[PDB]
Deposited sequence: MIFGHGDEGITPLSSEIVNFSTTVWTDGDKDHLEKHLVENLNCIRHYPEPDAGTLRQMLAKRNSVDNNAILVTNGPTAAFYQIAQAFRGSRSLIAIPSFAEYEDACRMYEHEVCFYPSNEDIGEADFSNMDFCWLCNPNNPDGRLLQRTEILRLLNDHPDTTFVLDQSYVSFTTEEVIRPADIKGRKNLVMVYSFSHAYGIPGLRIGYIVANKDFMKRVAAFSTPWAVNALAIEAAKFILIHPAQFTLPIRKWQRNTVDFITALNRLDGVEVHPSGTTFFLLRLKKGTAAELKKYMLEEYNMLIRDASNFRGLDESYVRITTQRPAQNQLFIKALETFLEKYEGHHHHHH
């Protein structure tokens, strides 16, 4: 149902419980101290981080800073790239995430919005296929949804890749990798002329005090919040082979731990009517036959096959 790494404990929660009084005071209007910690950690400049009320808020603030830009959006994809581009009167062009991104026409594209690995495709672009996009189309700025940068092993572009570039902008998330969608925190990494344009629309105290406290704890404790990614995909591999062999159901490949699956007969809404699943009908480029599915833990996997078979 959700693209959130969920089987992660009370060591972050003990911390929050101990520091609950932080809700009695204003956060830095700036989340300025977290910003600095993220900058030094990510080996990027201080003025190249901007802490945001969740990864979603960040997409909206980027759209807004460049109203009337022309945007290229790979579909199917997170609906928010599109809603944000529309709220700010971008002319939006679509392009299939299953066609090679390189063969798309960037001639008149100010922005290209990628998520990689992609939601829901799981489509995964090599770290190298992207570095050359950035080189071949300098007049296009690539907004890379980095939400699932952790849900894979093959190398990724990272924040320090902004250096000697101007057409790379990144959005990081705390909801997915660390299991805290309810806290609403993320951040933008960008070269500093772009960030200046983004910053003009920052509002004070947009990032809540618990979220900042939680983010600081996650940073002072790398090892405690490392996603067991190897183990995760290996389980999805097993979960899908067990799905392909079923009949009247085929599973579109993925580069990560969630993936789409298609019904030959039978509707998403109906297969949705105590396990939750994502009816993928509401992505552009997917019809009623499609659902997104996130790889859980063996027992509950091997027990999905069954409730479906029937």
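Asks: Map the modelled residues onto the deposited sequence and report the uncovered stretches in sequence order.
Replies: 1-20, 29, 295-300, 338-350 are the stretches of the deposited chain that have no C-alpha coordinates in the structure.
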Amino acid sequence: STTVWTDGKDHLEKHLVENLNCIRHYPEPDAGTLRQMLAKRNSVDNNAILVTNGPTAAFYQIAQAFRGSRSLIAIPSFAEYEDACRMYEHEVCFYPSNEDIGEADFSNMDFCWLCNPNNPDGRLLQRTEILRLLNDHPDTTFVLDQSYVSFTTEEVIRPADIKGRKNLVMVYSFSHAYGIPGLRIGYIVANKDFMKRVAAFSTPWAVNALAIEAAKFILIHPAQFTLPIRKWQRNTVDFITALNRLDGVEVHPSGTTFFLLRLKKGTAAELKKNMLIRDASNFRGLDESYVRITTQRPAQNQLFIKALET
From here on, numbers count along this sequence of modelled residues.
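Asks: Of 209-217 and 102-110, which one has the bigger average CA B-factor?
Replies: The entry gives the higher C-alpha B-factor average to 102-110.
Asks: Once you work out the mean C-alpha B-factor for both 198-206 and 158-166 from the entry, which is higher?
Replies: The stretch with the larger average C-alpha B-factor is 158-166.
Asks: Please pick out which of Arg292, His15, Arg297, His25 has the largest Cα B-factor as recorded in the entry.
Replies: That would be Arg297.
Asks: I'd like to know which of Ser69, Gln61, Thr52, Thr267 has the highest C-alpha temperature factor in the PDB entry.
Replies: The record points to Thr267.
Asks: So where's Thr56 on the chain's Cα temperature factor ranking, which third?
Replies: It falls in the bottom third of the chain.
Asks: With respect to C-alpha B-factor, does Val149 fall in the lowest, middle or highest third of the chain as deposited?
Replies: For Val149, whose C-alpha B-factor we compare with every modelled residue in the chain, the answer is the middle third.
Asks: For the chain shown, is the CA B-factor of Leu271 in the lowest, middle or highest third of its modelled residues?
Replies: Top third by C-alpha B-factor.
Asks: Based on the entry's values, in what third of the chain does the Cα temperature factor of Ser77 lie: lowest, middle or highest?
Replies: Its C-alpha B-factor, which the entry lists for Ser77, ranks in the lowest third among residues of this chain.
Asks: Ranking every modelled residue in this chain by its Cα temperature factor as given in the entry, which third contains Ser1?
Replies: Middle third of the chain for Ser1's C-alpha B-factor.
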